[PDB]
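>>> one piece of my complex first, more on the way:
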Amino acid sequence: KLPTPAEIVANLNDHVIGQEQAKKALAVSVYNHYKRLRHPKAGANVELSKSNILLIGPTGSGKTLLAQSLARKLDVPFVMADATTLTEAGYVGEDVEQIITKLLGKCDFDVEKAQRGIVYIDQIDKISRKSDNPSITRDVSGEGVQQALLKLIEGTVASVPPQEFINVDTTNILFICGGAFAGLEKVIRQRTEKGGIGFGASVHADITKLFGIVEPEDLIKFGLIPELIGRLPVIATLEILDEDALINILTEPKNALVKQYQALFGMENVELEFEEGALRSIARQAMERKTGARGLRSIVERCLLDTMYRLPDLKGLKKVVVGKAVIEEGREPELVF
Amino acid sequence: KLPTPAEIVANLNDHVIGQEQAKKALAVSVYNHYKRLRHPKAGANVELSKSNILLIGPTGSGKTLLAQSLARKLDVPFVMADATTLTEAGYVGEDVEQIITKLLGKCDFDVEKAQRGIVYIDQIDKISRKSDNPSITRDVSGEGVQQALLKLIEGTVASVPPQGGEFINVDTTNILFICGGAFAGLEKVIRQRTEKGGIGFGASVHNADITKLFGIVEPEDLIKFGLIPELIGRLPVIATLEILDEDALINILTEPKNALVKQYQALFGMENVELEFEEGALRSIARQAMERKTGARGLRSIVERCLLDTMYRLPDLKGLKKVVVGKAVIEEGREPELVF
Amino acid sequence: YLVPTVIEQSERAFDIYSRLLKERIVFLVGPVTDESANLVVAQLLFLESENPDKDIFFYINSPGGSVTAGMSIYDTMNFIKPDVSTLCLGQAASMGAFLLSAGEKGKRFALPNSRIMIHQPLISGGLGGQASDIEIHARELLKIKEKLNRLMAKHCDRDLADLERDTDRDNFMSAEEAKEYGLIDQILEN
């Protein structure tokens, strides 16, 4: 049978911490995707159209990680495209049909399976015309790609080179767009918060609360053409990771950062052990970098730099303990021989 | 014989909800074109210009539906082109002659039928003129496509590949062109032409009402948008689509063969759960979708985010038979009433 | 006084009061005169044209002034479409308190240590000449007195008899007393 959305999320909880709304949206979309695939196509039955998703989240929130984790239990072809490599039809670069080309190459060019696949288009915010209005000049990397995707996101017939062009119907192909709309928080704040000067006016961020109230009007003001937003009905938002989520990210996931470094020290014969206050200090310091969970690596690498430098030289070392003072102060971790 | 405008619109109502003025305009123009071709006594001094149609309107207003319904009813060589794929002849992409090639393929390459068919071109607002380029080698995707398209819209002869792998000469004097697109800068162009306002006690002072703005479009406004004047002069008929109101959105939500309500009821029919919407729920869904400014496309987003906390649980909830979506589920953060 | 110049990023150089007018802030500072009241009227008319829907913020720090001058502001506030929110800074006395209470109901504010004073009008003009002239000016002053008390009673949701008692002599009120009276709706702190 089909895996329920709860099971799909249970597969995502192993790699992604938090972001329950985005995981629930992705699970429901994949479940409805399967149901469309097995629904009868002809007869008195209504034809089910797809509901695409737009992943909006800050840097290091888990968009690409959500897609990679979802791709492990799909049972249908899947690719991760890059919008920064896309271009208009008449200019150099990859055309939007290369997305179908990659999805087709994943399945041995079996069109019947490629037409039932899922596509994740990363960096969808990097093709946004910053103008909010018609671009004064050809935006070959931006607005033009948005226009070329309208037929691709919706149902059309893609003509791609062979493995003699191949016709691929993109009507049942689910598209999951994602990107870190950096300047979107200012647009949402200007629309909702009555900012200004004087008493009775708002003075200024809370990117989580702002993204939780995002509307197509803000995405239009950011630089997405309304025709593309209308084809991305589901808008799943990812929250900025708090001090309590950044602690669980360090230890809980399958490929957690602490586990990665315990394995690096496992290539030697030395055990690496962290303390609770150490993990909390690492999370609170990474919070200040405004880089998401990517900042935890900058702290664990800075504090373990000298230790990893001396690790292959120290003989008889059996265990390294990283305390709270090692993070907040430039101390050396306790070496156990 | 020739389906009359009353018959044309009476069958456009089966697929397009609302936009009555545009359905009348398209039906009258198509009937006049076909009758004019059948009675070429207008060879007299009267130069009845080819009554091409420009179909402007917001996103999700039903441009691409009017084209398809007009196509499948008229029983005539009809092609749906996308200006996003069009390019200048000397560069990669589809030159404007591929449209005539598709028109021939739609009629078994019998050029006598293709020369009297219809050509629909979507997203024609995407090939507008722009300043000299960033992305500068040649503005290939822009004005060049407009000129190559103008050379077809006015009476010319195209050379296209044969029926098999000897080119065919196709005269497009009698081919009707219906161009459409969501001109996103047109409301600002019009609002600069007007919206003078005023100040003082005895002066009238005053979201853009793009409905009445689109209803007062002038050819010069489209020229400012980036369209060449010689193309607008060849598009005398301008059909405008209004923003779908609450009632039209409700009808779209329930009446069509592939309505959202029926789509989700069948989506729950893969399980054994009945889905039922209240009249107030449909009213609030239509209102919230109209507030998103995406047309009928903003209807699916509402119905999807209101049922998200339910589709996540349907396979886990056993004994469930019916789910009722009320006005509270749409307007408030409530859960639909589960009937076990 | 030297009015400071500030730079708005968009650069445009404003004096600080024109910069605040760009934010829909109108100041009534000092006595209410024909000239100071007409500047307020000019700003209220201008702001309605810029945006008839957005609130206008009318900051009042005034000991009073001419009744006719204050009435030009008052009728302009009520006429124009946008709500005129009023805020008492330092003091709103006499016609200043009248214009403060004249703000849109629910949007009349005062700062915590502001002083609000209401009272019957004094001379709207001298009473010289003959007894017939003095009778005329006395009757006109009484009509103004009744008109002010009637409009004040309407602003405060009180009876006309209450305003007639309370405006007999200078009635000084804290921000809390003015809120309880009905002159203002809220007291701002942060």
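Noted; the coordinates are in hand. Residues are numbered from 1 along each chain as shown, chains lettered A, B, ... in the order given.
>>> assign the residue in chain C that chain B sits nearest to to helix, strand or coil.
Closest to chain B within chain C is residue C:49: 3.9 Å, counting by Cβ to the nearest Cβ. Quick note: C-beta positions are derived from backbone N, CA and C, even for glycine. Three-state call for residue C:49 (DSSP: H, G, I helix; E, B strand; the rest coil): helix.
>>> relative to residue B:187, how far out is it?
21 Å (Cβ to Cβ, to the nearest Å).
>>> still on that earlier bit, wait, the residue of chain C closest to chain B touches residue B:199, no?
Yes: here residue C:49 reaches residue B:199: they are 3.9 Å apart, a contact under Cβ atoms under 8 Å.
>>> which parts of the stretch 201-337 of chain A sit against chain C?
residue A:201 (Cβ under 8 Å from any Cβ of the partner chain).
>>> spell out which residues of the stretch 201-337 of chain A are next to chain B.
Proximity of the stretch 201-337 of chain A to chain B, by Cβ under 8 Å from any Cβ, involves residues A:215-217, A:220, A:225-227, A:229-231, A:233-235.
>>> quick revisit: near the residue of chain C closest to chain B, how many other residues are there?
By the criterion of other Cβ atoms under 10 Å in any protein chain shown, residue C:49 has 15 neighbours.
>>> what distance do you get for it to residue C:81?
10 Å.
>>> and for these two, which residues touch both?
Residues touching both residue C:49 and residue C:81 (Cβ atoms under 8 Å, 6 or more residues apart in numbering or on different chains): residue B:205.
>>> so the residue nearest in space to the middle of chain C, which of the three states?
Chain C has residue C:99 as the residue nearest its centroid, 2.3 Å off, counting by Cα atoms, centre = their mean. Under three-state DSSP, the three-state class of residue C:99 is helix.
>>> which residues touch whichever residue of the stretch 101-250 of chain A sits closest to chain C?
Relative to chain C, the nearest point of the stretch 101-250 of chain A is residue A:197 (4.2 Å; Cβ to the nearest Cβ). Each residue near residue A:197 by Cβ under 8 Å, 6+ apart is listed here: C:19-20, C:23, C:25.
>>> which of the residues you listed come close to chain B?
Filtered for proximity to chain B (Cβ under 8 Å from any Cβ), these leave an empty set.
>>> name only those of the residues you listed that count as buried.
C:19-20, C:25 (16 or more other Cβ atoms under 10 Å in any protein chain shown).
>>> now the sequence for chain D, which goes on the structure above:
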Amino acid sequence: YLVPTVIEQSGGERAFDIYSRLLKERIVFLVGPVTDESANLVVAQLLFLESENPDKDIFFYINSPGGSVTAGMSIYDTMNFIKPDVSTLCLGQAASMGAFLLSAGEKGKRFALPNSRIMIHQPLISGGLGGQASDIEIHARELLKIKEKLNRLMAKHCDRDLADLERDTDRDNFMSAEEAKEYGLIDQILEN
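Same chains as before, plus chain D:
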């Protein structure tokens, strides 16, 4: 007086009078008597600076012999309302409402220069007391309420009892920067 013009280097040049140039650095001056017009300029500058940056401190330089209580209260309530801390500094003198606004600065950020003079006292006439005895009674009661309000707010600023401020503001109480620091009017004395 001729206010000098200075040039600010930027990404180009912008010519300021020297006071607008210092306002760009979040420095607001209260110089001379506190009037409706001079107080409203301070309020306008405080409101403007909050919008430019709600988090950065505002530096309120005070060289004032006093002035109107209501005018000073417009500054006082604006200082307490706006989000950014208003640091106060006494240059030359802070007397009467000038000393009140000096003590009104953010606790820990109230400064005075080493030879500045700070004077606190009960208010004088907030307005004449003419007319009939009923009018004089009203104005006397209002002045007493202002006197109590000022002493109460001063006692709060200085972390002292209301009874202490009532004694010390009875007549003109002149204080050096050190005496004002010991009293609780200022927090620090600047030297370099």
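>>> once more on the contacts of residue A:197, this time with chain D?
With contact taken as Cβ under 8 Å, 6+ apart, residue A:197 is in contact with C:19-20, C:23, C:25, D:47-48, D:50-51.
>>> and with 10 Å instead?
Counting by Cβ atoms under 10 Å, 6 or more residues apart in numbering or on different chains, residue A:197 touches A:203, C:19-20, C:22-25, C:57, D:44, D:47-52.
>>> what about it, which SS state?
Quick answer, by three-state DSSP: residue A:197 is coil.
>>> quick one, what contacts the residue nearest to the centre of chain C?
Counting by Cβ under 10 Å, 6+ apart, residue C:99 has contacts C:28, C:32, C:37, C:40, C:58, C:60, C:62, C:64-65, C:70-71, C:73-74, C:77, C:84, C:86, C:88, C:92.
>>> and these, which of them are in strands?
C:28, C:58, C:60, C:62, C:84, C:86, C:88, C:92 (DSSP state E).
>>> out of these, which touch chain D?
Within the set of these, contact with chain D (Cβ under 10 Å from any Cβ of the partner chain) is found for C:28, C:62, C:88, C:92.
>>> farthest-separated two in these?
C:28 and C:88 (10.5 Å; Cβ to Cβ).
>>> out of these two, which sits in the more crowded spot?
Applying other Cβ under 10 Å to residue C:28 and residue C:88 shows that residue C:88 carries more neighbours, namely 33 against 27.
>>> excluding its backbone neighbours, what's nearest the more buried one?
Excluding the flanking residues, the one nearest residue C:88 by Cβ to Cβ, 6 or more residues apart in numbering or on different chains is residue C:110, at 3.8 Å.
>>> burial count for the one you found?
The number of residues near residue C:110, taken as other Cβ under 10 Å, comes to 29.
>>> one more: residue A:226?
Neighbour tally, residue A:226, other Cβ under 10 Å: 22.
>>> how near is the nearest residue to it once chain neighbours are set aside to chain D?
With sequence-adjacent residues excluded and distances taken as Cβ to Cβ, 6+ apart, residue A:226 is closest to residue B:59, at 4.9 Å. Per Cβ to the nearest Cβ, to the nearest Å, residue B:59 is found 37 Å from chain D.
>>> quick one: the helices in the stretch 51-200 of chain A?
Remark: helices assigned in the stretch 51-200 of chain A by DSSP state H, counting those that start in this stretch are A:63-70, A:97-106, A:111-114, A:143-153, A:184-192.
>>> what sits against the residue nearest to residue C:88?
C:60, C:86-89, C:91-92, C:100, C:116, C:173-176, C:178-179, C:183-188, D:77.
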